[PDB]
Amino acid sequence: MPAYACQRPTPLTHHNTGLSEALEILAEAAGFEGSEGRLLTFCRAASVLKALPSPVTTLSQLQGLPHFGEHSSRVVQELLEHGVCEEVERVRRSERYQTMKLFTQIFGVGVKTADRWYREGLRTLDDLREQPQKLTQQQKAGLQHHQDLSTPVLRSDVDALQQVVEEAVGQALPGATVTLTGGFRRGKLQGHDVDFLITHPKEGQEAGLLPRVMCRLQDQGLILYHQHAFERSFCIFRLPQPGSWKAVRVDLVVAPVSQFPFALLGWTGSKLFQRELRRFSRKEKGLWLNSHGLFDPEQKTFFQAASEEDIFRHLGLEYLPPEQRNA
DNA sequence: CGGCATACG
DNA sequence: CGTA
DNA sequence: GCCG
Ligand SMILES: O=c1ccn([C@H]2C[C@H](O)[C@@H](COP(=O)(O)NP(=O)(O)OP(=O)(O)O)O2)c(=O)[nH]1
Ligand SMILES: [Mn+2]
Ligand SMILES: [Mn+2]
Ligand code: NA
């Protein structure tokens with residue numbers, strides 16, 4: 001088992017679901033308390049279990065697995081022996097965890113805002129609604145639309161949504177393309193949102209594209225919320241439903257075709273996979289990776305990539321298709 | 001012990 | 001600060 | 001919380 005998640009395939013479904021879910025609760029709790037290091041270790045341990053070829057049945061099977069020390073091993077031990085980890089259950093039922101989860105789930109609220117609200121004594125969505133002058137416009141949208149945004153987006157919704165985005169994109173710039181990224185590209189059947197990456201085959205033609213796309217979607221009556229030169233938009237869209245509609249979160253990102261492989265790689269995720277890939281790049285290869293490119297800080301040069309395959313090769317990693325990036 | 005990804009709105 |  |  002290699003130590004970085006980008007060095008091993010991680011499928012969407014696996015053989016240690018219960019164990020990984022428990023470790024991810026502890027990760028989430030760590031994040032709520034501002035401990036990014038502990039969040040990372042718990043996420044990485046969870047991901048290791050996702051990458052295993054069969055279920056862990058005995059504690060000895062954790063011996064020599066990366067990211068399993070005393071704490072993570074004890075969590076697994078208790079789950080294997082009793083079907084439940086007391087620490088995890090204590091977290092699940094803490095007022096602190098439940099409220100931080102509720103608040104951070106709101107579009108426009110992060111850990112820092114949630115924590116302040118918690119310290120101020122606020123606990124429920126109706127608590128926030130009763131003092132709305134204190135909310136940003138983004139948070140007001142997030143709170144108004146919270147119920148719809150809490151409903152999973154279905155893979156069967158994505159097709160009709162991509163069609164409307166393509167129509168707007170084609171008027172904004174003929175020849176521009178729309179590629180489905182995010183979790184759906186990794187094979188997820190549901191999502192919290194839909195992520196689309198937009199480019200044009202002629203380098204430079206994509207400049208100024210996103211405002212044009214957004215103004216057109218807005219004129220079609222499809223945009224319940226967006227922030228508005230820019231290249232990423234975090235929207236709430238009106239999606240048709242039987243006799244009605246629902247609000248869904250849609251992310252649009254534009255990249256030049258030169259950068260498209262890097263943007264596709266970054267936006268396809270998973271989040272942990274990309275963190276691990278960027279960590280690997282810098283720490284093991286001395287190269288700086290982001291969603292725009294891959295920089296050699298010695299040569300002061302950028303790697304031209306024509307594909308995701310190119311990027312994996314340049315980093316000395318075996319290629320993983322999107323379905324095996326579910327770290 | 002230091003480090004923990006790296007951007008844009 | 002929020003967001004991916 | 002863990003690797004390195
Ligand atoms: O902090 C982040 C968040 C997202 N990303 C990348 C990876 C992620 O898979 C992708 C899309 O982000 P989403 O928040 O939409 N998550 P995803 O599509 O993987 O799952 P879902 O939308 O179902 O929660 O953007 C990062 O690199 N860093
Ligand atoms: Mn997504
Ligand atoms: Mn998204
Ligand atoms: Na949030």
Side-chain angles (χ1 to χ4, degrees), chain A residues 1-7 23-24 26-27 29-31 33-48 62 64-69 71-76 87 103-117 135-136 138-143 149 181-183 185 191-197 210-211 214 225-226 228-236 249-255 259 262-285 287-295 315 327:
Chain A
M1 180 70 62
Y4 293 84
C6 55
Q7 296 179 288
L23 294 162
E24 289 178 342
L26 297 184
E33 306 313 310
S35 184
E36 198 68 9
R38 290 176 173 73
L39 174 147
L40 285 167
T41 286
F42 285 134
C43 285
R44 291 162 183 167
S47 82
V48 162
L62 301 182
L65 291 182
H67 313 288
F68 279 89
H71 201 144
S72 302
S73 295
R74 186 183 69 248
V75 171
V76 169
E87 190 189 359
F103 288 173
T104 55
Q105 276 169 1
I106 302 162
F107 178 62
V109 182
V111 171
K112 288 174 180 185
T113 299
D115 175 67
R116 179 166 57 74
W117 290 346
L135 301 174
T136 64
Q138 189 179 55
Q139 292 163 352
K140 287 169 173 174
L143 193 56
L149 298 187
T181 58
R185 185 164 179 255
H192 109 281
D193 74 357
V194 192
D195 305 284
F196 292 116
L197 172 62
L210 198 49
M214 290 314 298
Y225 169 85
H226 72 124
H228 302 81
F230 56 101
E231 69 201 49
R232 303 177 180 183
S233 188
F234 319 122
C235 315
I236 305 179
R249 276 274 297 103
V250 179
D251 288 337
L252 303 185
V253 50
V254 170
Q259 297 182 6
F262 300 99
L264 185 60
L265 184 61
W267 284 79
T268 297
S270 72
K271 178 175 175 170
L272 181 63
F273 191 95
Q274 297 306 311
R275 289 176 80 157
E276 293 279 289
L277 189 62
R278 293 168 184 196
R279 190 169 68 95
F280 178 86
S281 180
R282 178 182 278 270
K283 302 300 182 192
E284 307 301 328
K285 304 298 170 170
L287 303 178
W288 301 346
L289 180 63
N290 67 15
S291 76
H292 307 310
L294 179 59
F295 186 67
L315 296 172

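Below, chain A is the first sequence line, B the second, and so on; all start at residue 1. No hydrogens, no waters, no symmetry mates; every other heavy atom, side chains included, goes into these values.
For the pair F262(A) CZ and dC8(B) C1', the computed distance is 18 Å after rounding to whole Å. In this entry the distance linking CE of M1(A) with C1' of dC2(D) reads 16 Å, nearest Å. Atom-to-atom, NE2 of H71(A) to P of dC3(D) comes out at 14 Å; the value is rounded to the nearest Å. Atom pair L252(A):CG and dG9(B):P shows a separation of 12 Å (rounding to whole Å applied). In this structure, the CH2 atom of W267(A) is 13 Å from the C1' atom of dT6(B), given to the nearest Å. Computed from coordinates, the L277(A) CG to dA7(B) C1' distance equals 14 Å when rounded to whole Å. Rounded to whole Å, the distance from CG on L265(A) to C1' on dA5(B) is 13 Å. Summarising the geometry, the separation between CD on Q7(A) and P on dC3(D) is reported as 14 Å, rounded to the nearest angstrom.
Looking at which nucleotide of DNA chain D each of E36(A) and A3(A) is closest to, the 5′-most match is held by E36(A).
At the heavy-atom level, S35(A) lies nowhere under 4.0 Å from the strands shown. Across all strands shown, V253(A) has no heavy atoms under 4.0 Å from either base or sugar-phosphate atoms. Among the heavy atoms of the strands lying under 4.0 Å from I106(A) are primed sugar atoms or P, OP1, OP2 only; no base atom is included. Counting any heavy atom pair closer than 4.0 Å across all strands shown, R279(A) reaches sugar-phosphate atoms only and no base atom. Across all strands, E231(A) comes closer than 4.0 Å only to sugar-phosphate atoms, never to a base (heavy-atom distances). Backbone-only contact: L289(A) has heavy atoms under 4.0 Å from sugar-phosphate atoms and none from a base. Across all strands, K271(A) comes closer than 4.0 Å to base atoms (heavy-atom distances). Within 4.0 Å (heavy atoms only), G37(A) reaches at least one base atom of the nucleic acid.
With a 4.5 Å cut-off on side-chain heavy atoms, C6(A) and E284(A) do not count as touching. Under the 4.5 Å side-chain criterion, counting only non-hydrogen atoms from C-beta, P211(A) is in contact with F230(A). Side-chain contact check for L315(A) versus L294(A): some heavy-atom pair is nearer than 4.5 Å. Side-chain contact between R185(A) and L264(A) is present, with at least one heavy-atom pair separated by less than 4.5 Å. Considering only heavy atoms from C-beta on, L149(A) stays 4.5 Å or farther from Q105(A) through its side chain.
Taking 4.0 angstrom as the limit, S291(A) places none of its side-chain polar atoms (N or O) nearer than this to OP1 or OP2 of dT6(B). For the OP1/OP2 pair of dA7(B) and a distance below 4.0 Å, the side-chain nitrogens and oxygens of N290(A) include at least one atom meeting the criterion. At least one side-chain nitrogen or oxygen of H292(A) sits closer than 4.0 Å to the OP1 or OP2 atom of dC8(B). For the OP1/OP2 pair of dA5(B) and a distance below 4.0 Å, the side-chain nitrogens and oxygens of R278(A) include no atom meeting the criterion.
Here the side chain of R275(A) is nearest to one of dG9(B), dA5(B), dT6(B), namely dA5(B).
Using cut-offs of 30° and 60° on the angle between ring planes, the pair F103(A) and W117(A) is perpendicular.
With salt bridges taken as basic N to acidic carboxylate O contacts below 4.0 Å, none links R38(A) and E33(A).
Between the side chain of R232(A) and the base of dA7(B), at least one donor-acceptor pair of N or O atoms lies under 3.5 Å.
First and last contacts of DNA chain C with chain A, using any nucleotide atom under 4.0 Å from a protein heavy atom and ordered 5' to 3', fall at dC1(C) to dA4(C).
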